[PDB]
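See below for the structure under consideration.
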Amino acid sequence: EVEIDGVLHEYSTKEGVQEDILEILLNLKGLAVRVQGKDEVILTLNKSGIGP
DNA sequence: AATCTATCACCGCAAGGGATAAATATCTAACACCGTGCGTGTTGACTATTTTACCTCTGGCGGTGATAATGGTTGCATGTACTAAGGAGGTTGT
Numbered sequence: 058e059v060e061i062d063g064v065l066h067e068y069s070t071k072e073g074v075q076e077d078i079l080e081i082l083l084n085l086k087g088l089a090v091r092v093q094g095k096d097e098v099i100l101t102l103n104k105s106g107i108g109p
């Protein structure tokens with residue numbers, strides 16, 4: 058599951074992104090990992106300024 | 001290209017299963033003996049191994065019959081689709 062600073066619905070937009078917003082739905086269902094422990098964990102993802 | 005933390009797990013290291021090999025006991029087989037009978041030997045009489053001789057098989061092949069017999073057989077090449085060539089001959093032209 059995921060919670061994002063603009064995707065309150067998929068038909069939305071973010072002037073400064075290049076996906077606008079909808080082509081972010083590409084690597085979430087796509088990122089995978091391993092985990093030591095119990096069956097619920099959390100990350101955040103927090104890019105600031107120009108880049109990937 | 002070295003570092004490790006933090007995976008999914010192999011090792012960390014207790015248990016226990018099968019194995020095989022020892023000892024025993026059974027099996028069979030290898031042999032040495034014996035007895036049988038056959039293929040151990042020379043000799044001898046047989047009869048039919050081979051040869052040649054003779055008397056007389058089998059099959060080599062050469063030879064050709066006569067009351068007369070004197071107009072014959074032969075069946076389906078192909079039925080389509082083409083069209084290129086040669087053949088015909090009268091004539092209206094070259």
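Using UniProt numbering, read the first sequence as starting at 58 and increasing by one per residue. Each residue gets a CB set at the ideal place from its N, CA and C atoms; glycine is no exception.
query                                                                                                                                : result
Would you mind working out which of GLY106, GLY63, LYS95 and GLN93 sits nearest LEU82, comparing C-alpha positions?                  : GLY63
Let me check understanding here. Comparing Cα to Cα, which of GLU97, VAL74 and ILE78 lies closest to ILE107?                         : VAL74
Beta-carbon separation of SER69 and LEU79 under 9 Å?                                                                                 : yes
Expressed to the nearest angstrom, what Euclidean distance is found between the alpha-carbon atoms of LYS95 and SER105?              : 31 Å
Tell me which same chain residues have a C-beta within less than 6 Å of the C-beta of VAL59, skipping the five on either side of it? : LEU85
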